[PDB]
Every structure is written in C-alpha cells, then in structure tokens.
Amino acid sequence: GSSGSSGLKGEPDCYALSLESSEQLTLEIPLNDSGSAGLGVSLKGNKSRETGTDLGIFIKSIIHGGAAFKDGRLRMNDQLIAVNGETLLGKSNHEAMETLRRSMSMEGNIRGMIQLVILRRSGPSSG
C-alpha cells in the first residue's frame, strides 16, 4: 500500500474518489419455528407499463410479534434482487414469489434460514 499525490492547481471537479453505485444489504432470518409455517411476511408485485415487464418483487410489510419481526426493522418496498443466493429479478412476480417459499422450505430445511438481498441506491435524490 502507501501511495498518494500532492499539488494540483484548479481541479476541474468538486471531488472524485470512488465511483458511486447502488448498495446491497444482506439480512438473515431463521426459519426454525417460523419455517414451519413460513417467513411470516407478505410481499407485493410491481409491474411497469413504461417497460412492459415485471420490476420484480418487493416487501409489503413485516408482521411484528412474529419471526421476521426481528428483521422487520427493514421497510416494505424492499426489492428482492435475490433470496438465499437465488435471483428473483430474473424471474417474474409469480415465479419469484414461488421461489421464496421454495428456498424457505428448501434452505430452511437443511439450513434453517433465509437470506434477503435488497438493492437501495445511495440516496433517493435528496437535497
């Protein structure tokens, strides 16, 4: 490591260090007691007419006093770019949602947990 620079007179730019890019979070929810029935959360599908495709799947709302409640800390409208390592965007509203319950009973079986990969840009253009 160790490396830098000095000088520069003007700098045709405010500041550039690292290119910005959407962020991703990884939440782990155990399906030990919940798995029995399932996650315990509801999702909603969003369709786009501008594209004519399926934006994907997004959380609807976490049901407190439950299992997901723990992770409920999150907020609905959480696009599921994947789940348990399985992609969703590649699938449709049905399929996708069909995979969840799958991985929920599949991973929650041998594993007992489910991972949720969400994508949230840096900032929703605020300022």
# chains A, B, ... in the order shown; residues from 1 in each chain; ligands from 1

$ residues_around --residues "residue A:94" --least-positions-apart "6" --cutoff "12 Å" --atoms "only C-alpha atoms" --output "ChimeraX atom specification"
/A:43-47,54,56-57,88,100-101

$ select_by_dssp --residues "chain A" --states "strand (DSSP E)" --output "PyMOL selection string"
chain A and resi 23-30+42-48+53-61+80-83+86-87+113-120

$ write_last_selection --atoms "N, CA and C atoms" --output "short mmCIF file (atom, residue, chain, number, x, y, z; two decimals), in the first residue's frame"
data_model
loop_
_atom_site.label_atom_id
_atom_site.label_comp_id
_atom_site.auth_asym_id
_atom_site.auth_seq_id
_atom_site.Cartn_x
_atom_site.Cartn_y
_atom_site.Cartn_z
N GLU A 23 -26.30 0.23 -3.35
CA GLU A 23 -25.83 -0.60 -2.25
C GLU A 23 -26.74 -1.82 -2.08
N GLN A 24 -26.21 -2.81 -1.38
CA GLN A 24 -26.96 -4.03 -1.13
C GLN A 24 -26.80 -4.47 0.33
N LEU A 25 -27.90 -4.95 0.89
CA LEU A 25 -27.89 -5.41 2.27
C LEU A 25 -28.22 -6.90 2.32
N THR A 26 -27.67 -7.56 3.33
CA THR A 26 -27.90 -8.99 3.49
C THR A 26 -28.46 -9.28 4.89
N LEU A 27 -29.74 -9.63 4.92
CA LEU A 27 -30.40 -9.94 6.17
C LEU A 27 -30.65 -11.45 6.26
N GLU A 28 -30.40 -11.99 7.44
CA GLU A 28 -30.59 -13.41 7.67
C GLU A 28 -31.75 -13.64 8.64
N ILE A 29 -32.72 -14.42 8.19
CA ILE A 29 -33.88 -14.72 9.00
C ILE A 29 -33.99 -16.24 9.17
N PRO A 30 -33.96 -16.68 10.46
CA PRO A 30 -34.06 -18.09 10.78
C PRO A 30 -35.49 -18.60 10.60
N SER A 42 -45.52 -10.67 4.06
CA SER A 42 -46.22 -10.62 2.79
C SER A 42 -45.49 -9.67 1.83
N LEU A 43 -45.50 -10.04 0.56
CA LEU A 43 -44.84 -9.24 -0.46
C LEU A 43 -45.87 -8.82 -1.51
N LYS A 44 -45.49 -7.83 -2.30
CA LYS A 44 -46.36 -7.33 -3.34
C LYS A 44 -45.56 -7.17 -4.64
N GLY A 45 -46.20 -7.54 -5.74
CA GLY A 45 -45.57 -7.45 -7.04
C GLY A 45 -45.86 -6.10 -7.70
N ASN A 46 -44.84 -5.56 -8.34
CA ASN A 46 -44.97 -4.28 -9.02
C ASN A 46 -44.69 -4.46 -10.51
N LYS A 47 -45.60 -3.93 -11.32
CA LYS A 47 -45.46 -4.02 -12.76
C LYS A 47 -45.24 -2.63 -13.34
N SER A 48 -44.49 -2.58 -14.43
CA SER A 48 -44.20 -1.32 -15.09
C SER A 48 -44.72 -1.35 -16.53
N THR A 53 -42.60 -4.90 -18.38
CA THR A 53 -42.04 -6.07 -17.71
C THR A 53 -42.45 -6.08 -16.24
N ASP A 54 -41.75 -6.90 -15.47
CA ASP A 54 -42.03 -7.02 -14.05
C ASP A 54 -40.83 -6.49 -13.25
N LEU A 55 -41.01 -5.29 -12.71
CA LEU A 55 -39.96 -4.67 -11.92
C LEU A 55 -39.32 -5.71 -11.01
N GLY A 56 -40.17 -6.57 -10.45
CA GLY A 56 -39.71 -7.61 -9.56
C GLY A 56 -40.64 -7.77 -8.36
N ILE A 57 -40.07 -8.20 -7.25
CA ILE A 57 -40.84 -8.39 -6.03
C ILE A 57 -40.32 -7.45 -4.95
N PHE A 58 -41.25 -6.94 -4.15
CA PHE A 58 -40.90 -6.03 -3.08
C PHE A 58 -41.73 -6.32 -1.83
N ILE A 59 -41.07 -6.21 -0.68
CA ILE A 59 -41.73 -6.45 0.59
C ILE A 59 -42.98 -5.57 0.69
N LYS A 60 -44.00 -6.12 1.33
CA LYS A 60 -45.25 -5.39 1.50
C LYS A 60 -45.29 -4.79 2.91
N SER A 61 -44.99 -5.63 3.89
CA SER A 61 -44.99 -5.19 5.27
C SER A 61 -44.65 -6.37 6.19
N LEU A 80 -36.45 -7.43 -3.94
CA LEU A 80 -35.69 -8.65 -3.69
C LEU A 80 -34.88 -9.00 -4.93
N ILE A 81 -33.64 -8.53 -4.95
CA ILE A 81 -32.75 -8.80 -6.07
C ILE A 81 -32.29 -10.26 -6.02
N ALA A 82 -32.70 -10.94 -4.96
CA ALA A 82 -32.34 -12.33 -4.78
C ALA A 82 -32.91 -12.83 -3.45
N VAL A 83 -32.57 -14.08 -3.13
CA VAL A 83 -33.04 -14.69 -1.90
C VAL A 83 -32.34 -16.03 -1.70
N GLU A 86 -30.45 -17.02 -4.52
CA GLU A 86 -31.23 -17.23 -5.73
C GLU A 86 -31.78 -15.90 -6.24
N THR A 87 -31.59 -15.67 -7.53
CA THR A 87 -32.06 -14.44 -8.15
C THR A 87 -33.59 -14.45 -8.26
N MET A 113 -32.52 -21.16 7.57
CA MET A 113 -32.54 -19.71 7.46
C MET A 113 -32.71 -19.27 6.00
N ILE A 114 -33.04 -18.00 5.83
CA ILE A 114 -33.24 -17.44 4.51
C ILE A 114 -32.60 -16.06 4.43
N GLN A 115 -31.91 -15.82 3.33
CA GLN A 115 -31.24 -14.54 3.12
C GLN A 115 -32.03 -13.68 2.14
N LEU A 116 -32.08 -12.39 2.43
CA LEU A 116 -32.80 -11.46 1.58
C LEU A 116 -31.83 -10.38 1.08
N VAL A 117 -31.68 -10.33 -0.24
CA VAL A 117 -30.79 -9.36 -0.85
C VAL A 117 -31.62 -8.23 -1.46
N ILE A 118 -31.45 -7.04 -0.89
CA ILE A 118 -32.17 -5.87 -1.36
C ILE A 118 -31.19 -4.91 -2.03
N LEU A 119 -31.75 -3.99 -2.81
CA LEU A 119 -30.94 -3.01 -3.51
C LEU A 119 -31.55 -1.62 -3.31
N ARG A 120 -30.74 -0.73 -2.75
CA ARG A 120 -31.19 0.63 -2.50
C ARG A 120 -30.09 1.62 -2.88
#

$ atom_distance --atom1 "atom CA of residue A:97" --atom2 "atom CA of residue A:21"
26.6 Å

$ select_by_dssp --residues "chain A" --states "alpha helix (DSSP H)" --output "ChimeraX atom specification"
/A:69-72,93-110

$ write_last_selection --atoms "C-alpha atoms" --output "PDB file, in the first residue's frame"
ATOM      1  CA  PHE A  69     -40.293  -9.055  13.075  1.00  0.00           C
ATOM      2  CA  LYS A  70     -36.678  -9.375  14.151  1.00  0.00           C
ATOM      3  CA  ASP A  71     -35.574  -8.324  10.687  1.00  0.00           C
ATOM      4  CA  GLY A  72     -38.795  -6.371  10.320  1.00  0.00           C
ATOM      5  CA  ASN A  93     -43.737 -11.937  -9.835  1.00  0.00           C
ATOM      6  CA  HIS A  94     -45.237 -15.404  -9.598  1.00  0.00           C
ATOM      7  CA  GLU A  95     -42.131 -17.483 -10.192  1.00  0.00           C
ATOM      8  CA  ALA A  96     -40.039 -15.262  -7.952  1.00  0.00           C
ATOM      9  CA  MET A  97     -42.551 -15.383  -5.123  1.00  0.00           C
ATOM     10  CA  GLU A  98     -42.749 -19.077  -5.928  1.00  0.00           C
ATOM     11  CA  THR A  99     -39.029 -19.403  -5.306  1.00  0.00           C
ATOM     12  CA  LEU A 100     -39.182 -17.719  -1.920  1.00  0.00           C
ATOM     13  CA  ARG A 101     -41.494 -20.247  -0.309  1.00  0.00           C
ATOM     14  CA  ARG A 102     -39.265 -22.773  -2.036  1.00  0.00           C
ATOM     15  CA  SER A 103     -35.965 -21.612  -0.592  1.00  0.00           C
ATOM     16  CA  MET A 104     -37.869 -21.042   2.628  1.00  0.00           C
ATOM     17  CA  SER A 105     -38.707 -24.729   2.811  1.00  0.00           C
ATOM     18  CA  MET A 106     -35.562 -25.797   0.997  1.00  0.00           C
ATOM     19  CA  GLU A 107     -32.918 -23.738   2.756  1.00  0.00           C
ATOM     20  CA  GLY A 108     -34.924 -23.585   5.961  1.00  0.00           C
ATOM     21  CA  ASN A 109     -34.841 -27.367   5.818  1.00  0.00           C
ATOM     22  CA  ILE A 110     -31.162 -28.210   5.537  1.00  0.00           C
TER      23      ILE A 110
END

$ atom_distance --atom1 "atom CA of residue A:89" --atom2 "atom CA of residue A:22"
15.6 Å

$ closest_residue --among "A:67, A:84, A:91, A:77" --to "residue A:31" --atoms "only C-alpha atoms"
A:67

$ atom_distance --atom1 "atom CA of residue A:112" --atom2 "atom CA of residue A:33"
9.2 Å
